[PDB]
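A.B. asks: Starting off with a structure, shown below.
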Amino acid sequence: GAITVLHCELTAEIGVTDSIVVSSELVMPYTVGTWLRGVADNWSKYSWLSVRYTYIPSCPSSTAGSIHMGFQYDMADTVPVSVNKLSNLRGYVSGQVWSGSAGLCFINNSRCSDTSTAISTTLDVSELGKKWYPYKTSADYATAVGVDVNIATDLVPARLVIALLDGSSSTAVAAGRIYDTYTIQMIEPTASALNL
Amino acid sequence: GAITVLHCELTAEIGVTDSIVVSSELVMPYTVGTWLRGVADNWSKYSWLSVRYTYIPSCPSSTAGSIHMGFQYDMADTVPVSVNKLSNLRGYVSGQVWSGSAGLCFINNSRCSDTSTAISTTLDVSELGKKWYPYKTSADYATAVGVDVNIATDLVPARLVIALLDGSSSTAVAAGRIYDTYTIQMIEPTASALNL
Amino acid sequence: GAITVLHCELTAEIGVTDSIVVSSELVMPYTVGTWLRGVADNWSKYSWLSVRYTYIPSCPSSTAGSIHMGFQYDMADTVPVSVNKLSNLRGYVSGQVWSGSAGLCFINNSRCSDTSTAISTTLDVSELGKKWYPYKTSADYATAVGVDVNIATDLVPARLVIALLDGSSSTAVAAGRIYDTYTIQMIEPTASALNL
Amino acid sequence: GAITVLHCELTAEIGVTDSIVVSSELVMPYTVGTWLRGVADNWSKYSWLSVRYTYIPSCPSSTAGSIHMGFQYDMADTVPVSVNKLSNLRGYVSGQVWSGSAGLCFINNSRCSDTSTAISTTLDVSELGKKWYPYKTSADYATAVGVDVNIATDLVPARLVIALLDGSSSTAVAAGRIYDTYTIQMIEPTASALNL
Amino acid sequence: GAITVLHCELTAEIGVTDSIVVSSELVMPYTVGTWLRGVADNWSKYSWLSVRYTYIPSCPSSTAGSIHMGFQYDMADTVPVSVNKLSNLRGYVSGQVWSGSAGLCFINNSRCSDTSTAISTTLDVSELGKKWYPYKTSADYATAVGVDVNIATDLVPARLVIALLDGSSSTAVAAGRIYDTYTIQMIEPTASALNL
Amino acid sequence: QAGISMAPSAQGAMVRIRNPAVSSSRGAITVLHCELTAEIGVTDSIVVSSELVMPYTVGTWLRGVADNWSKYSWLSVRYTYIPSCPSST
Ligand SMILES: [Ca+2]
Ligand SMILES: [Ca+2]
Ligand SMILES: [Ca+2]
Ligand SMILES: [Ca+2]
Ligand SMILES: [Ca+2]
Ligand SMILES: [Ca+2]
Ligand SMILES: [Ca+2]
């Protein structure tokens, strides 16, 4: 009954400016990437076997700026407001917007050489609070969270906080992209139209 | 520690009309049936070890109509509106409203040889959200869900949806009944009067 | 590499009249059913590991009519025009429009003892033209075949022909439904929107 | 040397009236059915390795009538005129005109568990007159037998007699069909046009 | 389900003149010979296990002329226009119209002595592009090929090019015959009338 | 030498038939022999001919010997063609 998918897809496009810009992505099928969003909808519940976010650069070596990533686990906790608080989170990694190429091996599965320079981080699936979560659409999530954020705890495993700053322009400059590489188990099918 | 009970009881009475009529039942002690609702209330939490719904006919071989059953696990998902949509659910099982007698052996657990025609489905007890669920009353559940449906995922493991159509009359004709056969582990006793 | 799915879903709804009515269904993801059509589109090619069509009744034991099924493999061959001609095909299977319930166990894969009466046929997955077929949409297929039918052999492995006759009314009476149970391997992911 | 074929095809269509109607079919390639008649003609002689006639219903459970089958081996013997007389033949098998679905598994050779109700009989292929019989056409056979019936024993191994009665109408009602499942060895090729 | 036939039959009659005459035969059941054409039609698809073309003489030792044979595999490629191009093809063999008698042993299966003088060539079944091809009638093939020859690739495995020349008469003189000796596997039966 | 053939002007074959071999086992009596069975001639159009394979018609000697027994069974029957014309025919 468990049907397993392994895949790496574009999860977010990154631009860097001269000011801190904190953003976050829920670590659930619907938000992880559009491809998964579409396939996972045909199933009622899932379990993350492995989730790794890897940043791959697209800018010139002359591009100033740094990216910082880390995880949060209680949606009710406040999202880091400074890059300082961010550095306290689990899974913190911080790189420079033009580096990270060695991480490419995580995206195309070829054998990785030295990945100490890859700006990549992974989710601690075993310390998550439950193994089988329900597939949620961001819309429905939003509504729930609107009543009380604590309703999110039963619905989503974690949140990926990203921070970009130290750039040189007041206007966004294309830095790179964050790709997500996951192994997921999907169970109990459903027509997607009913999945909220 | 745990106190295990295996039992069978009437869970619902069924009637066929000439138009689709989808209905559902929460898979929790309180609603599985009267007897279980009663004994289960003396414990605080429980865990399903086995749950099986078996439809048994009571109409003549000439009764037009068909029955359909399946499970859903995110109380927030839309309930099916058609046989096609329903056929996708886990544990889907369809059949003539006058068929299904072979499932009798599941009820008074005897030797089941002829079970290829039994209109009986089983809950995937291991892929459920968690192990120990709290005993809830229809009333309390109802209120919670009235705030936000997602508050339900923390309380009920699944719901059985039932659809009946293909009947001959626009007014309901008696078809059969759905019986539930479960094995449940209960823990943390409480005076029933306190249990909501 | 490959991603394997085993699933069951409604594939077609059936009605009997008093005259032969041969119809057919391509044995490809897009037409096997709605759910598969949906998930299969996210992959470029696929391979059937198993395909089984099972007819399940919904009429009274007094309903006149019979159902017939079989497979054809050269889309260019003429489709049968009679039961005799049809009885020759591979996987031929005939039966009373009100019979067939024993095939339920194939649908929610249980222990199948009583399957001698199941009006269910299976595709000879190994003698198919090739292993990996491309995912095609009804639209695209249609156009290709409109140029020359033989363009189809490179795209679809087979078609299931269905014939219903021996009914009592000249106007269609609801008989039952055909469900499809498959196991399929999919490869070479693609955003579904690009898949024709 | 020998070329072996195992196949199933429609052999005859059946109807019940309110009076006995005994009919018979020669157990030879030409008359077993259209398909075999066609391929068998390309060989000079043949040998039955297995021959099985299975009746499959297409009427409502409320159809009155019964079917009877048996084999005869001396074309000169008188054909039965009653059920009593017929019940004595080898391979006798009787049943309700609306019964017999369990024999489906013989047709598309699956696992036959429920075969106690199959109205299906088998030819005693080893006690036949000889092993290799010549392929004859109805026409040629007919003429020979018109001279003297005994000329038939050298050409046909047996004939299946079918009797239908106990119907409700004096005018024929559609009951079911008889299908033939054989395994045959053919030898000594010939252009079909020469084969009489 | 695979039914196997082994047979040798006349495939083409040969006449020799004083000018090059190139001809070709599709290596498919329908064109290989009339006997096979007729039997193979009762099946939907086939696979060649072995195909060998052997020329047997019928003229006097005083008959001048030579026969040349070879294979082509992409129906879209141009048919050799000279005997030169022909000698480049796979399976090329060239003999003299009155010789080749030793090849008789391929036709009647008797043990062959020295066949170095037999004008015979065989098809490389393993390098064919697919194993199971659909049975096609030359008519339907023609139509397909009329739209675009490339449609032939999916339909036929190869083509046998034959060239006859060096004769002594402007008018054809009977030289010999080409017999085809094959082992074929036929699958998925069909009434022949539907086979195109 | 492999692949080479030489058409002769005419082929020669000296037929010399030996004495029939007859012997009685227990119940069965067995004969072994050769007999000229048919004469052959060609034309420009096809001419089909047939010969029943039964003692009476297989050979003139066999015909008279086999007649002294009620039934028979063929252990082996072979027809061999020997030419009597040149390779120019
Ligand atoms: Ca929880
Ligand atoms: Ca959902
Ligand atoms: Ca409680
Ligand atoms: Ca495609
Ligand atoms: Ca004949
Ligand atoms: Ca192809
Ligand atoms: Ca064909």
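Identifiers in the structure tokens: chain A, B, ... in order shown; residue index from 1 per chain; ligand index from 1 in order shown.
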Any residue with an atom at most 10 Å from ligand 5 counts, using only C-alpha atoms and all ligand atoms. Which are they? Put them as a count of residues only.
C.D. replies: 19
A.B. asks: For chain F, work out the contacting residues on chain E at 10 Å, counting only C-alpha atoms, and write them as a list in words.
C.D. replies: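 Applying the cut-off to the listed atoms yields residues 58, 59, 60, 61, 62, 63, 95, 98, 99, 100, 114, 115, 116, 117, 118 and 119 of chain E.
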A.B. asks: Keeping only C-alpha atoms, write the selected residues as a CSV table (one decimal), in the first residue's frame.
C.D. replies:
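The new file result.csv reads:
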chain,number,residue,atom,x,y,z
E,58,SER,CA,14.3,-26.5,-62.4
E,59,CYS,CA,16.2,-25.7,-65.6
E,60,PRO,CA,18.7,-27.5,-67.7
E,61,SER,CA,22.5,-27.2,-67.0
E,62,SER,CA,22.6,-25.2,-70.2
E,63,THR,CA,20.6,-22.3,-68.7
E,95,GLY,CA,24.4,-18.5,-57.4
E,98,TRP,CA,20.8,-24.3,-62.6
E,99,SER,CA,22.7,-25.0,-59.4
E,100,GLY,CA,21.6,-25.3,-55.8
E,114,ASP,CA,27.5,-30.3,-47.7
E,115,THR,CA,25.4,-27.2,-48.2
E,116,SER,CA,28.1,-24.9,-49.4
E,117,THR,CA,26.5,-25.0,-52.8
E,118,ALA,CA,23.0,-24.3,-51.7
E,119,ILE,CA,21.8,-20.8,-52.7
A.B. asks: Could you list, as a PyMOL selection string, every residue of chain C that has an atom within 8 Å of an atom of chain B, counting only C-alpha atoms?
C.D. replies: chain C and resi 8-11+35+56-62+101-105+107-108+110-115+174
A.B. asks: Give me, as a list in words, all polymer residues having an atom no more than 10 Å from residue 12 (chain E), counting only C-alpha atoms and skipping those fewer than 5 positions away in the same chain.
C.D. replies: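 Those residues are residues 25, 31, 32, 33, 53, 55, 176, 177, 178, 179 and 180 of chain E.
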A.B. asks: Considering only C-alpha atoms, return as a VMD selection string whatever protein or nucleic-acid residues lie within 10 Å of residue 49 (chain A), sequence-local ones (same chain, fewer than 2 positions apart) excluded.
C.D. replies: chain A and resid 4 to 6 46 to 47 51 123 to 126 131 182 to 185
A.B. asks: Please determine, counting only C-alpha atoms and all ligand atoms, which residue among C:76, C:149, C:28, C:158 has the shortest atom-to-atom distance to ligand 4.
C.D. replies: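 Nearest candidate to ligand 4 out of C:76, C:149, C:28, C:158: C:28.
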A.B. asks: As a PyMOL selection string, please: every residue in region 40-173 of chain A that a backbone DSSP assignment puts in helix (DSSP H, G or I).
C.D. replies: chain A and resi 40+83-86+101-107+125-127+138-147+149-152
A.B. asks: Atoms to include: N, CA, C and O atoms. Write the selected residues as an mmCIF file, in the first residue's frame.
C.D. replies:
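The resulting file, again30.cif, is shown below:
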data_model
loop_
_atom_site.group_PDB
_atom_site.id
_atom_site.type_symbol
_atom_site.label_atom_id
_atom_site.label_comp_id
_atom_site.auth_asym_id
_atom_site.auth_seq_id
_atom_site.Cartn_x
_atom_site.Cartn_y
_atom_site.Cartn_z
ATOM 1 N N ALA A 40 1.553 13.988 -5.339
ATOM 2 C CA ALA A 40 1.185 13.625 -3.977
ATOM 3 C C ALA A 40 -0.275 13.895 -3.617
ATOM 4 O O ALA A 40 -0.809 13.342 -2.646
ATOM 5 N N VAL A 83 19.386 37.406 11.375
ATOM 6 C CA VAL A 83 20.142 36.262 10.931
ATOM 7 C C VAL A 83 20.810 35.617 12.164
ATOM 8 O O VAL A 83 21.162 34.445 12.150
ATOM 9 N N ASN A 84 20.908 36.372 13.257
ATOM 10 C CA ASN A 84 21.499 35.867 14.499
ATOM 11 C C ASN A 84 20.649 34.730 15.032
ATOM 12 O O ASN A 84 21.144 33.624 15.217
ATOM 13 N N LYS A 85 19.370 35.007 15.271
ATOM 14 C CA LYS A 85 18.441 33.994 15.774
ATOM 15 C C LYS A 85 18.431 32.789 14.860
ATOM 16 O O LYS A 85 18.218 31.657 15.308
ATOM 17 N N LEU A 86 18.518 33.068 13.565
ATOM 18 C CA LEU A 86 18.512 32.028 12.566
ATOM 19 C C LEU A 86 19.675 31.084 12.770
ATOM 20 O O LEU A 86 19.494 29.877 12.701
ATOM 21 N N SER A 101 28.403 24.784 -6.034
ATOM 22 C CA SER A 101 28.353 23.892 -7.196
ATOM 23 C C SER A 101 28.503 22.420 -6.885
ATOM 24 O O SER A 101 27.881 21.585 -7.523
ATOM 25 N N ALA A 102 29.338 22.098 -5.912
ATOM 26 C CA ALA A 102 29.555 20.709 -5.549
ATOM 27 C C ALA A 102 28.269 20.028 -5.127
ATOM 28 O O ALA A 102 28.188 18.803 -5.132
ATOM 29 N N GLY A 103 27.260 20.825 -4.789
ATOM 30 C CA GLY A 103 25.983 20.278 -4.378
ATOM 31 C C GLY A 103 25.195 19.692 -5.529
ATOM 32 O O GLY A 103 24.201 18.997 -5.336
ATOM 33 N N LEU A 104 25.657 19.950 -6.740
ATOM 34 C CA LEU A 104 24.984 19.452 -7.914
ATOM 35 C C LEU A 104 24.838 17.950 -7.863
ATOM 36 O O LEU A 104 23.844 17.396 -8.305
ATOM 37 N N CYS A 105 25.786 17.278 -7.247
ATOM 38 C CA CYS A 105 25.704 15.840 -7.194
ATOM 39 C C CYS A 105 24.505 15.330 -6.408
ATOM 40 O O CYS A 105 24.133 14.176 -6.533
ATOM 41 N N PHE A 106 23.878 16.179 -5.606
ATOM 42 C CA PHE A 106 22.706 15.743 -4.847
ATOM 43 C C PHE A 106 21.479 15.795 -5.730
ATOM 44 O O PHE A 106 20.508 15.108 -5.499
ATOM 45 N N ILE A 107 21.537 16.644 -6.734
ATOM 46 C CA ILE A 107 20.442 16.858 -7.645
ATOM 47 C C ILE A 107 20.319 15.849 -8.771
ATOM 48 O O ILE A 107 19.217 15.509 -9.191
ATOM 49 N N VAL A 125 13.975 13.654 9.905
ATOM 50 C CA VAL A 125 12.752 12.871 9.848
ATOM 51 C C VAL A 125 12.382 12.047 11.079
ATOM 52 O O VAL A 125 11.203 11.916 11.396
ATOM 53 N N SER A 126 13.371 11.535 11.799
ATOM 54 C CA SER A 126 13.110 10.725 12.993
ATOM 55 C C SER A 126 12.694 11.495 14.241
ATOM 56 O O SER A 126 12.169 10.904 15.176
ATOM 57 N N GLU A 127 13.016 12.782 14.295
ATOM 58 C CA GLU A 127 12.674 13.599 15.444
ATOM 59 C C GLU A 127 11.417 14.375 15.136
ATOM 60 O O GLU A 127 11.041 15.277 15.889
ATOM 61 N N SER A 138 -2.158 24.600 0.641
ATOM 62 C CA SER A 138 -1.828 25.763 1.452
ATOM 63 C C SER A 138 -3.072 26.560 1.834
ATOM 64 O O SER A 138 -3.159 27.100 2.934
ATOM 65 N N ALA A 139 -4.070 26.560 0.967
ATOM 66 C CA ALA A 139 -5.298 27.287 1.256
ATOM 67 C C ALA A 139 -5.942 26.821 2.549
ATOM 68 O O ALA A 139 -6.215 27.610 3.456
ATOM 69 N N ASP A 140 -6.192 25.524 2.631
ATOM 70 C CA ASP A 140 -6.818 24.954 3.803
ATOM 71 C C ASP A 140 -5.933 25.154 5.030
ATOM 72 O O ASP A 140 -6.418 25.473 6.117
ATOM 73 N N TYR A 141 -4.630 25.008 4.847
ATOM 74 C CA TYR A 141 -3.717 25.187 5.954
ATOM 75 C C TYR A 141 -3.916 26.582 6.527
ATOM 76 O O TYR A 141 -4.152 26.756 7.726
ATOM 77 N N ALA A 142 -3.892 27.559 5.633
ATOM 78 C CA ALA A 142 -4.035 28.963 5.986
ATOM 79 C C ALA A 142 -5.246 29.234 6.844
ATOM 80 O O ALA A 142 -5.171 29.959 7.839
ATOM 81 N N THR A 143 -6.368 28.673 6.435
ATOM 82 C CA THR A 143 -7.607 28.841 7.162
ATOM 83 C C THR A 143 -7.449 28.312 8.583
ATOM 84 O O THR A 143 -7.769 29.001 9.550
ATOM 85 N N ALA A 144 -6.946 27.087 8.699
ATOM 86 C CA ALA A 144 -6.750 26.440 9.987
ATOM 87 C C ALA A 144 -5.890 27.320 10.870
ATOM 88 O O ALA A 144 -6.243 27.678 11.999
ATOM 89 N N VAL A 145 -4.749 27.679 10.322
ATOM 90 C CA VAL A 145 -3.810 28.509 11.022
ATOM 91 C C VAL A 145 -4.423 29.858 11.397
ATOM 92 O O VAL A 145 -4.024 30.491 12.371
ATOM 93 N N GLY A 146 -5.417 30.288 10.636
ATOM 94 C CA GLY A 146 -6.066 31.547 10.937
ATOM 95 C C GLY A 146 -6.862 31.480 12.230
ATOM 96 O O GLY A 146 -6.976 32.482 12.936
ATOM 97 N N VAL A 147 -7.450 30.318 12.516
ATOM 98 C CA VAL A 147 -8.220 30.123 13.741
ATOM 99 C C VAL A 147 -7.234 30.094 14.905
ATOM 100 O O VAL A 147 -7.435 30.765 15.916
ATOM 101 N N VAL A 149 -2.810 29.011 15.200
ATOM 102 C CA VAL A 149 -1.626 28.357 14.637
ATOM 103 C C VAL A 149 -1.353 26.988 15.183
ATOM 104 O O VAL A 149 -0.722 26.163 14.524
ATOM 105 N N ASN A 150 -1.756 26.762 16.420
ATOM 106 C CA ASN A 150 -1.513 25.469 16.995
ATOM 107 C C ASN A 150 -2.168 24.331 16.259
ATOM 108 O O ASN A 150 -1.735 23.195 16.377
ATOM 109 N N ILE A 151 -3.141 24.646 15.414
ATOM 110 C CA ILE A 151 -3.793 23.619 14.633
ATOM 111 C C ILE A 151 -2.801 23.112 13.572
ATOM 112 O O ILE A 151 -2.947 22.011 13.036
ATOM 113 N N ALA A 152 -1.738 23.879 13.335
ATOM 114 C CA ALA A 152 -0.737 23.507 12.346
ATOM 115 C C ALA A 152 0.105 22.334 12.810
ATOM 116 O O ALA A 152 0.509 21.495 12.003
#
A.B. asks: Please identify all polymer residues within 12 Å of residue 58 (chain F), counting only C-alpha atoms, omitting same-chain residues fewer than 3 positions from it, and present them as a VMD selection string.
C.D. replies: chain F and resid 33 to 38 50 to 55 61 to 66 74 77 to 79
A.B. asks: Show me which residues line ligand 6, defined as having an atom within 7 Å of a ligand atom where only C-alpha atoms and all ligand atoms count, and present them as a ChimeraX atom specification.
C.D. replies: /C:130,154 /E:130,154
A.B. asks: Restricted to C-alpha atoms, what would the selected residues look like written as a PDB file, in the first residue's frame?
C.D. replies:
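File produced: result06.pdb:
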ATOM      1  CA  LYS C 130       7.351  -3.470 -26.630  1.00  0.00           C
ATOM      2  CA  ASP C 154       3.795   2.302 -31.939  1.00  0.00           C
TER       3      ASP C 154
ATOM      4  CA  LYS E 130      11.217  -5.907 -32.092  1.00  0.00           C
ATOM      5  CA  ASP E 154       6.648  -0.377 -36.806  1.00  0.00           C
TER       6      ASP E 154
END
A.B. asks: To one decimal place, how far is CA of residue 156 (chain E) from CA of residue 77 (chain E) in Å?
C.D. replies: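 Straight-line distance from CA of residue 156 (chain E) to CA of residue 77 (chain E) works out to 13.7 Å.
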A.B. asks: Compile the contact shell of residue 172 (chain D) as a list in words: residues with an atom at most 6 Å away, counting only C-alpha atoms, same-chain residues fewer than 2 positions apart removed.
C.D. replies: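 Here the qualifying residues turn out to be residues 15, 16 and 17 of chain D.
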